């Protein structure tokens, strides 16, 4: 059920994202190209804080997690928990973000 994913820090593009993302959010798996897609497919009141929070924590190399309403292609919202581990390269600089997205619908019933 967990959806694995990884983001290239330099380009901010998705290296990969599990196919379960399609069953969960409906958008074609191949449509998840970059962080911009992740930021767009989110509830308006959540975009208001999640993006800034994740950016700040990532830049500081601090692992983090956020709960928000993800936008399904059909228009309804799905509660998701995004858990992020920050990876640094040999020189100590942020190189990528790796983690999982979890459907936490049951926690909101």
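Residue numbers count along the first chain shown, from 1.
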*Between 77-85 and 41-49, which has the higher average C-alpha B-factor in the PDB entry?*
41-49
*Comparing 19-27 with 90-98, where is the mean C-alpha B-factor higher?*
90-98
_Sorting 62, 71, 66, 35 by Cα temperature factor from the record, which one lands on top?_
62
_Among modelled residues of the same chain, the CA temperature factor third for residue 104_ = lowest
